[PDB]
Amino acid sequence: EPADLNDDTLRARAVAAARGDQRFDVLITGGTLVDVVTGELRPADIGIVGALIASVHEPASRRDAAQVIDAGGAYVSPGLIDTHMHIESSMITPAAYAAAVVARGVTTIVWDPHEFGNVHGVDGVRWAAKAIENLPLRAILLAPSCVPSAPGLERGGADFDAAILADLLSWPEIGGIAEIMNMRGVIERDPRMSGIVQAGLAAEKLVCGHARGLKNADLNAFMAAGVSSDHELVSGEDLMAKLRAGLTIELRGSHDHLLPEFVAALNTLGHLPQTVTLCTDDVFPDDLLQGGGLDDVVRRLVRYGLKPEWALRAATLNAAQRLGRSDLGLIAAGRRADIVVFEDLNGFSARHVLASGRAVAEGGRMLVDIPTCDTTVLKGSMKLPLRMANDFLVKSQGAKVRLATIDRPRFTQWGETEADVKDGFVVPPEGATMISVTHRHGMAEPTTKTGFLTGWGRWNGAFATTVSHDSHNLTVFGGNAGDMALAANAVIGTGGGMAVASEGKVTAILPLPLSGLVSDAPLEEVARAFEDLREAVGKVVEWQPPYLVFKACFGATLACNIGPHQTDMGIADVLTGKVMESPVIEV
(Lines of atoms letter the chains of each structure in order from A and count residues from 1; the text may use other names and numbers.)
(Lines give C-alpha, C1' and ligand atoms only; values in the text may rest on other atoms or scores of the structure.)
Protein backbone atom coordinates (compact mmCIF):
# COMPACT_ATOMS: atom_id res chain seq x y z
CA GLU A 1 0.00 0.00 0.00
CA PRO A 2 -0.69 2.66 -1.38
CA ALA A 3 0.83 0.63 -4.22
CA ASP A 4 -2.38 -1.25 -4.23
CA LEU A 5 -4.24 1.98 -5.51
CA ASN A 6 -1.62 2.69 -8.27
CA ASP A 7 -2.73 -0.06 -10.47
CA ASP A 8 -3.06 1.14 -13.88
CA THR A 9 -6.27 -0.86 -14.67
CA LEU A 10 -8.11 0.39 -11.56
CA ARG A 11 -6.82 3.96 -12.03
CA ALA A 12 -7.84 4.04 -15.52
CA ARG A 13 -11.29 2.65 -14.71
CA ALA A 14 -11.49 5.10 -11.83
CA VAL A 15 -10.89 8.12 -14.02
CA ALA A 16 -13.33 6.81 -16.54
CA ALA A 17 -15.89 6.22 -13.82
CA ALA A 18 -15.17 9.62 -12.59
CA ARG A 19 -15.57 11.13 -16.04
CA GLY A 20 -19.06 9.44 -16.47
CA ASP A 21 -18.12 7.05 -19.13
CA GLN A 22 -18.48 4.26 -16.61
CA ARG A 23 -20.44 3.04 -13.66
CA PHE A 24 -18.96 3.22 -10.11
CA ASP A 25 -18.85 0.01 -7.97
CA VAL A 26 -20.44 2.07 -5.25
CA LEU A 27 -22.30 5.23 -4.66
CA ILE A 28 -22.97 6.75 -1.33
CA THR A 29 -26.02 8.89 -1.59
CA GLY A 30 -27.75 11.77 0.16
CA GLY A 31 -25.32 12.07 3.08
CA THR A 32 -23.86 15.24 4.55
CA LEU A 33 -20.13 15.27 3.81
CA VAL A 34 -18.11 16.26 6.85
CA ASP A 35 -15.54 18.13 4.72
CA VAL A 36 -12.36 17.81 7.04
CA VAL A 37 -10.30 20.21 5.06
CA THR A 38 -12.89 23.07 5.23
CA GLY A 39 -14.87 22.29 8.44
CA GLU A 40 -18.19 22.55 6.37
CA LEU A 41 -21.08 20.05 6.60
CA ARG A 42 -22.15 19.99 3.03
CA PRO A 43 -24.23 17.74 0.83
CA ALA A 44 -22.50 15.44 -1.50
CA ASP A 45 -22.36 11.91 -2.78
CA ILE A 46 -19.36 9.74 -3.36
CA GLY A 47 -18.44 7.26 -6.01
CA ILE A 48 -15.93 4.58 -5.37
CA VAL A 49 -14.32 2.34 -7.89
CA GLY A 50 -12.49 -0.52 -6.13
CA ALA A 51 -10.39 0.89 -3.22
CA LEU A 52 -10.19 4.44 -4.68
CA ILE A 53 -12.67 7.17 -4.02
CA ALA A 54 -13.32 8.07 -7.66
CA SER A 55 -15.71 10.93 -7.34
CA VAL A 56 -17.00 13.50 -4.86
CA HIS A 57 -19.85 15.26 -6.64
CA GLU A 58 -23.29 17.09 -6.68
CA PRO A 59 -25.97 15.14 -4.71
CA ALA A 60 -28.29 13.04 -6.97
CA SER A 61 -26.27 13.94 -10.07
CA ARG A 62 -25.50 10.23 -10.54
CA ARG A 63 -27.18 6.79 -10.23
CA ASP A 64 -24.89 4.38 -12.01
CA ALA A 65 -23.27 1.97 -9.57
CA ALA A 66 -22.99 -1.86 -8.97
CA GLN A 67 -24.41 -0.99 -5.49
CA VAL A 68 -25.76 2.01 -3.58
CA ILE A 69 -25.21 2.88 0.00
CA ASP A 70 -27.86 4.92 1.66
CA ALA A 71 -26.68 7.94 3.59
CA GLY A 72 -29.56 10.44 3.65
CA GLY A 73 -30.39 11.50 7.19
CA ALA A 74 -26.68 11.07 8.05
CA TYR A 75 -22.96 12.19 7.92
CA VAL A 76 -20.14 11.19 5.82
CA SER A 77 -16.71 10.89 7.32
CA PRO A 78 -13.16 9.50 6.45
CA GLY A 79 -12.68 6.49 8.70
CA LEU A 80 -11.12 7.13 12.03
CA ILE A 81 -7.48 6.75 12.93
CA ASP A 82 -6.21 5.74 16.27
CA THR A 83 -2.61 7.11 16.38
CA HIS A 84 -1.60 5.27 19.65
CA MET A 85 -2.85 2.27 21.39
CA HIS A 86 -2.41 -1.15 22.62
CA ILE A 87 -4.61 -4.02 21.62
CA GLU A 88 -3.25 -5.96 24.63
CA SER A 89 -4.91 -3.59 27.23
CA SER A 90 -8.38 -4.84 26.44
CA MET A 91 -7.65 -8.45 26.97
CA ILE A 92 -8.74 -9.78 23.65
CA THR A 93 -6.88 -11.04 20.52
CA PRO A 94 -6.58 -8.58 17.66
CA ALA A 95 -9.46 -10.33 15.73
CA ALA A 96 -11.92 -9.52 18.58
CA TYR A 97 -10.62 -6.02 18.78
CA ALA A 98 -11.29 -5.38 15.08
CA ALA A 99 -14.83 -6.67 15.27
CA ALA A 100 -15.40 -4.34 18.09
CA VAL A 101 -13.94 -1.12 16.49
CA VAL A 102 -14.36 -1.53 12.76
CA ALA A 103 -18.06 -1.91 13.47
CA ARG A 104 -17.87 1.72 14.78
CA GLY A 105 -16.09 3.55 12.10
CA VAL A 106 -12.35 2.95 13.05
CA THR A 107 -10.55 1.78 9.96
CA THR A 108 -6.93 2.37 11.00
CA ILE A 109 -4.93 1.67 14.23
CA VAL A 110 -1.30 2.35 15.01
CA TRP A 111 -0.55 -0.36 17.69
CA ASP A 112 2.53 -0.54 19.89
CA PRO A 113 2.41 -4.23 20.74
CA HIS A 114 5.02 -3.83 23.59
CA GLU A 115 3.06 -5.81 25.96
CA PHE A 116 3.25 -8.79 23.79
CA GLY A 117 6.74 -7.72 23.12
CA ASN A 118 8.02 -7.91 26.62
CA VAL A 119 6.31 -11.14 27.20
CA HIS A 120 7.67 -13.04 23.99
CA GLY A 121 10.17 -10.55 22.33
CA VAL A 122 10.50 -10.40 18.58
CA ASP A 123 8.43 -13.50 18.64
CA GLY A 124 5.52 -11.58 20.17
CA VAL A 125 5.99 -8.79 17.61
CA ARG A 126 5.98 -11.28 14.75
CA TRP A 127 2.71 -12.54 16.12
CA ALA A 128 0.88 -9.27 15.91
CA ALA A 129 2.45 -8.96 12.43
CA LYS A 130 0.78 -12.33 11.56
CA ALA A 131 -2.39 -11.56 13.60
CA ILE A 132 -3.42 -8.37 11.62
CA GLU A 133 -2.39 -9.30 8.05
CA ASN A 134 -5.78 -10.25 6.74
CA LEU A 135 -7.96 -8.12 8.86
CA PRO A 136 -10.25 -5.45 7.83
CA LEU A 137 -8.55 -3.01 10.22
CA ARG A 138 -5.41 -1.58 8.91
CA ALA A 139 -2.83 -1.85 11.86
CA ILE A 140 0.49 -0.01 11.41
CA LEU A 141 2.70 -1.64 14.18
CA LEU A 142 5.30 0.48 15.98
CA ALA A 143 8.44 -1.20 17.28
CA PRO A 144 8.36 -1.66 21.10
CA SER A 145 11.10 0.66 22.28
CA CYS A 146 12.01 -0.24 25.83
CA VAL A 147 12.05 -3.78 26.42
CA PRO A 148 12.46 -4.14 29.26
CA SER A 149 11.94 -0.61 30.50
CA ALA A 150 14.90 -0.38 32.83
CA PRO A 151 17.55 -3.00 32.01
CA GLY A 152 19.31 -4.35 35.18
CA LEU A 153 16.32 -3.38 37.43
CA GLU A 154 13.87 -6.10 36.23
CA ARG A 155 13.66 -9.08 33.93
CA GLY A 156 10.72 -9.61 31.66
CA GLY A 157 10.61 -12.11 28.90
CA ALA A 158 12.66 -10.01 26.48
CA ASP A 159 15.47 -7.73 25.78
CA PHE A 160 15.96 -5.28 22.88
CA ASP A 161 19.23 -3.63 21.90
CA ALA A 162 19.66 -1.10 18.99
CA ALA A 163 20.35 -3.97 16.63
CA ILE A 164 16.88 -5.55 17.35
CA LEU A 165 15.37 -2.15 17.06
CA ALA A 166 17.04 -1.69 13.46
CA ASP A 167 15.77 -5.03 12.72
CA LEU A 168 12.05 -4.46 13.49
CA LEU A 169 12.38 -1.05 11.64
CA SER A 170 13.22 -2.91 8.52
CA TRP A 171 9.80 -4.53 8.49
CA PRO A 172 7.31 -3.00 5.95
CA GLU A 173 4.57 -3.48 8.49
CA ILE A 174 6.41 -1.44 11.15
CA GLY A 175 5.83 2.30 10.75
CA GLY A 176 8.22 3.82 13.36
CA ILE A 177 9.28 3.30 16.94
CA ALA A 178 6.94 3.07 19.88
CA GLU A 179 6.66 5.43 22.79
CA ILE A 180 10.04 5.72 24.36
CA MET A 181 9.30 5.70 28.07
CA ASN A 182 12.97 5.85 29.10
CA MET A 183 12.84 9.54 28.80
CA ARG A 184 15.90 10.21 31.03
CA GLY A 185 17.80 7.65 29.00
CA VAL A 186 17.02 9.51 25.87
CA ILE A 187 17.82 12.87 27.59
CA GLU A 188 21.27 12.10 29.19
CA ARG A 189 22.26 10.38 26.01
CA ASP A 190 22.18 6.73 27.07
CA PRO A 191 23.85 4.56 24.55
CA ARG A 192 21.15 1.91 24.49
CA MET A 193 18.34 4.58 24.17
CA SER A 194 20.33 6.73 21.78
CA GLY A 195 21.17 3.84 19.49
CA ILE A 196 17.51 2.90 19.27
CA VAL A 197 16.66 6.54 18.27
CA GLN A 198 19.58 6.70 15.93
CA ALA A 199 18.10 3.68 14.30
CA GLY A 200 14.63 5.23 14.19
CA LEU A 201 16.28 7.97 12.20
CA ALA A 202 18.47 5.96 9.95
CA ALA A 203 15.23 4.39 8.91
CA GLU A 204 13.27 7.68 8.31
CA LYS A 205 10.17 6.38 10.19
CA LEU A 206 8.25 7.93 13.03
CA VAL A 207 9.98 8.14 16.35
CA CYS A 208 7.28 8.21 19.02
CA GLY A 209 7.32 9.73 22.39
CA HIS A 210 6.15 9.48 25.99
CA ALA A 211 6.80 12.81 27.61
CA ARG A 212 5.03 12.59 31.03
CA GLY A 213 6.53 15.40 33.29
CA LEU A 214 8.98 16.85 30.79
CA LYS A 215 9.17 20.58 30.90
CA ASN A 216 11.26 23.27 29.26
CA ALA A 217 14.79 22.10 28.69
CA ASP A 218 14.21 18.47 29.13
CA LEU A 219 11.46 18.52 26.52
CA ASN A 220 13.71 20.38 24.08
CA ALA A 221 16.31 17.63 24.58
CA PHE A 222 13.90 14.73 23.98
CA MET A 223 12.91 16.49 20.85
CA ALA A 224 16.50 17.24 19.72
CA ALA A 225 17.07 13.51 20.15
CA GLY A 226 14.52 13.06 17.38
CA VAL A 227 11.41 12.08 19.37
CA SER A 228 8.44 13.79 17.71
CA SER A 229 5.18 12.92 19.52
CA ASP A 230 3.47 12.67 22.92
CA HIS A 231 0.19 11.26 24.51
CA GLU A 232 1.06 12.02 28.24
CA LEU A 233 -0.95 15.06 28.75
CA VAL A 234 -1.66 16.07 32.29
CA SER A 235 -3.45 19.44 31.87
CA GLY A 236 -4.49 22.22 29.52
CA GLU A 237 -1.37 24.21 30.19
CA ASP A 238 0.25 20.82 29.56
CA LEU A 239 -1.35 20.56 26.06
CA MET A 240 -0.26 24.07 25.14
CA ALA A 241 3.31 23.75 26.26
CA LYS A 242 3.63 20.61 24.11
CA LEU A 243 1.76 22.02 21.15
CA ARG A 244 3.88 25.09 21.25
CA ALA A 245 6.93 22.79 21.38
CA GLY A 246 5.76 21.41 17.89
CA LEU A 247 5.22 17.93 19.10
CA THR A 248 2.58 15.87 17.31
CA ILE A 249 -0.09 15.41 19.98
CA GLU A 250 -1.81 12.11 20.63
CA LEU A 251 -4.95 13.36 22.57
CA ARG A 252 -6.01 10.36 24.39
CA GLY A 253 -9.27 9.31 26.11
CA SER A 254 -7.97 7.27 29.06
CA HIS A 255 -8.36 10.17 31.28
CA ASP A 256 -11.98 11.29 30.93
CA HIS A 257 -11.51 14.31 33.22
CA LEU A 258 -8.75 16.13 31.40
CA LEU A 259 -10.93 16.05 28.24
CA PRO A 260 -12.91 19.26 29.15
CA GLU A 261 -9.55 21.03 29.95
CA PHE A 262 -8.22 20.13 26.56
CA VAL A 263 -11.52 21.22 24.95
CA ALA A 264 -11.35 24.54 26.77
CA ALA A 265 -7.71 25.12 25.77
CA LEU A 266 -8.44 24.29 22.12
CA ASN A 267 -11.61 26.53 22.01
CA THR A 268 -9.85 29.50 23.62
CA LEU A 269 -7.27 28.85 20.86
CA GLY A 270 -9.92 29.47 18.25
CA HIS A 271 -8.68 26.89 15.72
CA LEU A 272 -7.59 23.29 15.86
CA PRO A 273 -3.83 22.97 15.20
CA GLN A 274 -2.97 20.52 12.50
CA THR A 275 -0.62 18.81 14.81
CA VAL A 276 -3.48 17.28 16.94
CA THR A 277 -4.37 13.61 16.59
CA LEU A 278 -6.70 11.22 18.52
CA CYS A 279 -5.77 8.05 20.13
CA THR A 280 -7.10 5.57 22.73
CA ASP A 281 -3.95 4.39 24.34
CA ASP A 282 -5.44 1.81 26.76
CA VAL A 283 -8.98 0.82 27.11
CA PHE A 284 -10.18 -1.89 29.38
CA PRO A 285 -12.54 -4.60 28.00
CA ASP A 286 -15.57 -2.99 29.81
CA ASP A 287 -14.96 0.45 28.31
CA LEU A 288 -14.47 -0.96 24.79
CA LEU A 289 -17.76 -2.86 25.30
CA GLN A 290 -19.84 0.06 26.66
CA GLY A 291 -18.02 3.17 25.33
CA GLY A 292 -15.91 2.33 22.24
CA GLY A 293 -12.37 2.83 20.87
CA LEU A 294 -11.32 5.74 18.86
CA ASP A 295 -14.99 6.40 18.20
CA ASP A 296 -15.52 7.25 21.94
CA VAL A 297 -12.72 9.87 21.97
CA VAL A 298 -14.52 11.65 19.12
CA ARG A 299 -17.74 11.14 21.09
CA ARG A 300 -16.70 12.42 24.41
CA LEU A 301 -14.91 15.39 22.98
CA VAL A 302 -18.00 16.39 21.19
CA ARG A 303 -19.84 15.82 24.54
CA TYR A 304 -17.36 18.07 26.29
CA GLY A 305 -18.19 20.70 23.61
CA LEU A 306 -15.46 20.41 21.07
CA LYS A 307 -16.95 21.02 17.63
CA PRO A 308 -17.42 17.64 15.71
CA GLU A 309 -15.58 19.18 12.70
CA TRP A 310 -12.46 19.37 14.93
CA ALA A 311 -12.78 16.13 16.70
CA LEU A 312 -13.01 14.35 13.41
CA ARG A 313 -10.49 16.40 11.61
CA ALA A 314 -8.12 15.35 14.31
CA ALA A 315 -9.28 11.74 14.05
CA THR A 316 -8.77 11.65 10.34
CA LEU A 317 -6.76 14.06 8.17
CA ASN A 318 -4.46 15.11 10.97
CA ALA A 319 -3.83 11.50 11.67
CA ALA A 320 -3.05 10.81 7.94
CA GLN A 321 -0.48 13.60 7.72
CA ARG A 322 1.31 12.41 10.81
CA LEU A 323 1.56 8.94 9.20
CA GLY A 324 2.71 10.22 5.82
CA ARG A 325 -0.28 8.27 4.38
CA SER A 326 -1.72 10.62 2.06
CA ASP A 327 -4.15 7.89 0.77
CA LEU A 328 -6.05 8.33 4.03
CA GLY A 329 -7.93 10.48 6.33
CA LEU A 330 -9.90 12.54 3.80
CA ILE A 331 -13.01 12.15 1.47
CA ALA A 332 -11.70 13.10 -1.97
CA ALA A 333 -11.17 11.76 -5.44
CA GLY A 334 -7.86 9.88 -5.63
CA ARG A 335 -7.81 8.75 -1.92
CA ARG A 336 -8.78 5.55 -0.13
CA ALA A 337 -12.45 4.60 0.39
CA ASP A 338 -12.18 4.20 4.15
CA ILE A 339 -15.42 5.88 4.83
CA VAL A 340 -17.63 5.76 7.85
CA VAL A 341 -21.31 7.01 7.73
CA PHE A 342 -22.63 8.55 11.01
CA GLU A 343 -26.23 8.68 12.12
CA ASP A 344 -25.21 12.06 13.72
CA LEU A 345 -22.42 14.05 15.32
CA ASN A 346 -23.57 13.62 18.81
CA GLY A 347 -23.76 9.86 19.20
CA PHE A 348 -21.67 8.84 16.19
CA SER A 349 -23.60 5.72 15.65
CA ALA A 350 -22.02 3.81 12.74
CA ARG A 351 -24.81 3.23 10.05
CA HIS A 352 -22.21 1.89 7.56
CA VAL A 353 -18.52 1.41 7.30
CA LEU A 354 -16.15 0.98 4.31
CA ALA A 355 -12.49 -0.31 4.21
CA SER A 356 -10.84 -0.07 0.81
CA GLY A 357 -14.13 0.44 -0.72
CA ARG A 358 -15.84 -2.71 0.62
CA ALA A 359 -18.85 -2.51 2.95
CA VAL A 360 -17.58 -3.94 6.30
CA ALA A 361 -20.10 -3.21 9.03
CA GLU A 362 -23.66 -2.12 8.87
CA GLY A 363 -25.69 -0.86 11.79
CA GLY A 364 -23.11 -1.88 14.48
CA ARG A 365 -22.60 -5.27 13.04
CA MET A 366 -19.92 -6.73 10.86
CA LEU A 367 -20.79 -7.93 7.42
CA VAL A 368 -17.52 -9.76 6.70
CA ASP A 369 -15.60 -12.34 8.55
CA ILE A 370 -12.59 -11.71 10.72
CA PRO A 371 -9.71 -14.18 10.28
CA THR A 372 -8.89 -15.68 13.73
CA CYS A 373 -5.16 -16.58 14.12
CA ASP A 374 -3.38 -19.39 15.85
CA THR A 375 -3.03 -18.33 19.40
CA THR A 376 -0.75 -21.28 20.27
CA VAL A 377 2.57 -19.58 20.91
CA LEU A 378 0.84 -17.07 23.20
CA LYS A 379 0.05 -20.00 25.56
CA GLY A 380 2.03 -21.59 28.35
CA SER A 381 3.45 -18.27 29.44
CA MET A 382 3.50 -19.01 33.24
CA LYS A 383 6.77 -20.75 33.76
CA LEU A 384 6.78 -21.29 37.56
CA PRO A 385 5.59 -23.95 40.11
CA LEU A 386 2.44 -23.09 42.15
CA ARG A 387 3.13 -20.63 44.95
CA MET A 388 3.17 -21.50 48.63
CA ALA A 389 2.13 -19.80 51.87
CA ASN A 390 5.78 -18.86 52.62
CA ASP A 391 6.69 -17.42 49.08
CA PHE A 392 4.97 -14.22 50.41
CA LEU A 393 6.96 -13.80 53.73
CA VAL A 394 10.22 -12.11 54.30
CA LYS A 395 12.33 -14.67 56.12
CA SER A 396 14.92 -12.49 58.03
CA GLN A 397 17.13 -13.07 61.04
CA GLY A 398 16.96 -10.94 64.28
CA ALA A 399 13.68 -10.62 66.28
CA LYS A 400 13.42 -6.85 65.44
CA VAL A 401 14.24 -5.44 62.00
CA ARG A 402 14.24 -2.18 60.25
CA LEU A 403 12.33 -2.32 56.99
CA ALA A 404 12.65 -0.05 53.94
CA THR A 405 8.96 0.71 52.62
CA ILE A 406 7.26 1.71 49.36
CA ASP A 407 5.49 4.70 50.63
CA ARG A 408 2.66 6.36 48.42
CA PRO A 409 0.47 5.00 45.50
CA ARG A 410 1.69 6.47 42.26
CA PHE A 411 4.10 9.00 43.59
CA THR A 412 6.50 6.81 45.33
CA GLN A 413 9.08 7.36 47.96
CA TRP A 414 11.27 5.67 50.34
CA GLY A 415 10.10 5.32 53.88
CA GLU A 416 10.87 2.97 56.66
CA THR A 417 9.67 1.58 59.89
CA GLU A 418 10.69 -0.69 62.62
CA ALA A 419 9.03 -4.01 62.52
CA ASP A 420 8.79 -7.22 64.39
CA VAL A 421 10.25 -10.70 63.57
CA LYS A 422 9.21 -14.27 64.63
CA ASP A 423 10.05 -17.65 63.00
CA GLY A 424 12.59 -16.51 60.30
CA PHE A 425 9.74 -14.35 58.88
CA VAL A 426 9.24 -10.54 59.29
CA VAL A 427 5.71 -9.98 60.58
CA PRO A 428 3.98 -7.56 58.23
CA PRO A 429 4.24 -4.19 59.98
CA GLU A 430 0.83 -2.50 60.57
CA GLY A 431 -0.62 -0.09 57.96
CA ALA A 432 1.32 -2.13 55.42
CA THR A 433 0.29 -4.04 52.39
CA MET A 434 2.62 -6.52 50.72
CA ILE A 435 3.59 -6.31 47.12
CA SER A 436 5.12 -9.66 46.09
CA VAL A 437 6.53 -10.03 42.62
CA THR A 438 7.69 -13.15 40.93
CA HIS A 439 9.52 -13.69 37.68
CA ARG A 440 7.08 -15.66 35.58
CA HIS A 441 8.76 -15.93 32.16
CA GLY A 442 11.28 -18.74 32.90
CA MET A 443 14.11 -16.36 31.97
CA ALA A 444 15.16 -16.27 35.57
CA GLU A 445 14.75 -17.87 39.05
CA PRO A 446 11.05 -18.24 40.20
CA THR A 447 11.88 -16.36 43.44
CA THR A 448 8.92 -14.45 45.02
CA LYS A 449 10.13 -11.00 45.99
CA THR A 450 8.24 -9.18 48.59
CA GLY A 451 8.17 -5.53 49.51
CA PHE A 452 6.11 -3.42 51.96
CA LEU A 453 3.81 -0.77 50.56
CA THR A 454 2.08 2.09 52.45
CA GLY A 455 -0.70 4.48 51.45
CA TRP A 456 -2.76 1.62 50.22
CA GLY A 457 -5.38 1.05 52.94
CA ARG A 458 -6.20 -2.17 54.78
CA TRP A 459 -6.28 -5.48 52.75
CA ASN A 460 -9.03 -7.79 53.64
CA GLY A 461 -7.25 -10.30 51.39
CA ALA A 462 -5.37 -10.14 48.12
CA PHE A 463 -5.17 -9.44 44.32
CA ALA A 464 -2.93 -11.20 41.81
CA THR A 465 -2.31 -10.25 38.11
CA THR A 466 0.24 -11.12 35.46
CA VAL A 467 -0.57 -7.89 33.70
CA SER A 468 1.80 -5.51 35.36
CA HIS A 469 3.43 -2.78 33.14
CA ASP A 470 5.83 -3.43 31.49
CA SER A 471 7.30 -6.80 32.38
CA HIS A 472 3.98 -8.46 33.31
CA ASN A 473 5.43 -10.72 35.87
CA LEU A 474 3.17 -12.30 38.46
CA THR A 475 2.34 -9.39 40.72
CA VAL A 476 0.44 -9.90 44.03
CA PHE A 477 -1.01 -7.33 46.50
CA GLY A 478 -2.33 -8.48 49.87
CA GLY A 479 -2.75 -8.14 53.64
CA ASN A 480 -2.23 -11.92 54.26
CA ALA A 481 0.32 -14.57 52.82
CA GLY A 482 -2.60 -17.11 52.57
CA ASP A 483 -5.02 -15.03 50.55
CA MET A 484 -2.00 -14.21 48.48
CA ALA A 485 -1.52 -17.84 47.38
CA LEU A 486 -5.20 -18.61 46.67
CA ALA A 487 -4.95 -15.54 44.51
CA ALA A 488 -1.62 -16.30 42.77
CA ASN A 489 -2.25 -19.86 42.19
CA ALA A 490 -5.65 -19.28 40.61
CA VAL A 491 -3.67 -17.27 38.02
CA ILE A 492 -0.66 -19.41 37.41
CA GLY A 493 -2.84 -22.46 36.75
CA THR A 494 -5.18 -20.86 34.30
CA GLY A 495 -2.08 -19.57 32.28
CA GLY A 496 -2.06 -16.00 33.54
CA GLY A 497 -4.77 -13.57 34.35
CA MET A 498 -6.19 -11.98 37.45
CA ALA A 499 -7.80 -13.12 40.72
CA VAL A 500 -9.00 -11.74 43.96
CA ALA A 501 -8.99 -13.80 47.04
CA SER A 502 -10.70 -12.91 50.38
CA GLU A 503 -10.77 -14.89 53.66
CA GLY A 504 -9.71 -18.26 52.13
CA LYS A 505 -12.12 -18.02 49.16
CA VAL A 506 -11.09 -16.76 45.61
CA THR A 507 -13.92 -14.49 44.85
CA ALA A 508 -13.16 -13.80 41.24
CA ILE A 509 -11.01 -14.83 38.15
CA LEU A 510 -10.53 -13.34 34.78
CA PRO A 511 -8.04 -15.91 33.16
CA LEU A 512 -5.82 -14.53 30.47
CA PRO A 513 -4.26 -17.71 28.94
CA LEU A 514 -2.73 -15.89 26.03
CA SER A 515 0.51 -14.14 27.35
CA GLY A 516 -1.05 -13.74 30.76
CA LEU A 517 -2.43 -10.58 29.21
CA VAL A 518 -5.23 -11.34 26.74
CA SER A 519 -7.88 -14.00 26.41
CA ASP A 520 -9.68 -15.82 23.74
CA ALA A 521 -13.21 -15.50 24.96
CA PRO A 522 -15.63 -13.09 23.34
CA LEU A 523 -15.43 -9.58 24.59
CA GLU A 524 -18.94 -9.73 26.10
CA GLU A 525 -17.48 -12.39 28.28
CA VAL A 526 -14.27 -10.48 29.01
CA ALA A 527 -15.97 -7.19 30.04
CA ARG A 528 -18.42 -9.23 32.30
CA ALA A 529 -15.50 -10.93 34.02
CA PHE A 530 -13.44 -7.74 34.42
CA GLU A 531 -16.57 -5.87 35.76
CA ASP A 532 -16.94 -8.65 38.20
CA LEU A 533 -13.32 -8.81 39.33
CA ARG A 534 -13.48 -5.05 40.02
CA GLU A 535 -16.35 -5.84 42.39
CA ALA A 536 -14.41 -8.56 44.27
CA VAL A 537 -11.39 -6.25 44.70
CA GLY A 538 -13.74 -3.35 45.76
CA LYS A 539 -14.69 -5.64 48.67
CA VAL A 540 -11.02 -6.26 49.64
CA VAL A 541 -9.95 -2.70 50.20
CA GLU A 542 -11.49 0.67 50.34
CA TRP A 543 -10.24 2.80 47.49
CA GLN A 544 -9.55 6.41 48.11
CA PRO A 545 -9.48 8.23 44.80
CA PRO A 546 -7.58 9.33 42.95
CA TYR A 547 -4.13 7.65 43.16
CA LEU A 548 -5.46 4.80 45.37
CA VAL A 549 -7.79 3.35 42.80
CA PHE A 550 -7.68 -0.19 41.12
CA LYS A 551 -5.87 0.85 37.93
CA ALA A 552 -2.87 1.39 40.13
CA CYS A 553 -2.61 -2.41 40.77
CA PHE A 554 -1.46 -2.84 37.14
CA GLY A 555 1.17 -0.17 37.58
CA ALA A 556 3.44 -0.59 40.49
CA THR A 557 6.28 -2.56 38.94
CA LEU A 558 6.82 -0.15 36.14
CA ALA A 559 10.50 0.34 36.92
CA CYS A 560 11.22 3.34 34.66
CA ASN A 561 9.22 5.50 37.07
CA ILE A 562 11.07 7.87 39.24
CA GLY A 563 10.55 6.46 42.79
CA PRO A 564 11.14 3.13 44.36
CA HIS A 565 9.08 0.22 42.79
CA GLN A 566 9.01 -3.46 43.62
CA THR A 567 10.10 -5.57 40.64
CA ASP A 568 10.85 -9.24 40.14
CA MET A 569 14.33 -8.39 41.16
CA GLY A 570 14.17 -6.19 44.30
CA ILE A 571 13.33 -2.58 44.87
CA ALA A 572 14.35 -0.75 41.84
CA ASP A 573 14.97 2.98 41.98
CA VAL A 574 15.94 4.10 38.60
CA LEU A 575 17.75 7.21 40.14
CA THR A 576 20.35 5.23 42.20
CA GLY A 577 20.36 2.35 39.50
CA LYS A 578 20.64 -0.28 42.16
CA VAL A 579 18.22 -2.93 43.27
CA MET A 580 17.43 -3.41 46.93
CA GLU A 581 17.83 -7.12 47.04
CA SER A 582 16.00 -7.30 50.51
CA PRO A 583 13.49 -5.00 52.21
CA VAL A 584 15.38 -5.14 55.66
CA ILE A 585 17.70 -2.32 56.08
CA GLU A 586 19.01 -3.89 59.43
CA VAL A 587 19.33 -6.35 62.42
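Numbers for residues come from their place in the sequence shown, where the first is 1.
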- Item | Of 257-265 and 418-426, the stretch whose C-alpha atoms average the higher B-factor in the entry | 418-426
- Task: State which stretch shows the higher mean Cα B factor in the entry: 362-370 or 333-341.
- Result: 362-370
- Reading the B-factor column for Cα atoms of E173, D230, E88, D190, the highest value belongs to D190
- Query: For the listed residues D327, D295, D82, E503, which one has the largest C-alpha B-factor as given in the deposited model?
  - Reply: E503
- Message: Per the entry's values, where does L393 land by CA temperature factor relative to the rest of its chain, in the lowest, middle or highest third?
- Response: highest
- Task: Tell me, lowest, middle or highest third: where does the Cα B factor of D112 rank within its chain?
- Result: lowest
- Task: Could you tell me which third, lowest, middle or highest, the C-alpha B-factor of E40 occupies within its chain?
- Result: lowest
- Query: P94's Cα B-factor: lowest, middle or highest third of the chain?
  - Reply: lowest
- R138's Cα B-factor: lowest, middle or highest third of the chain? lowest
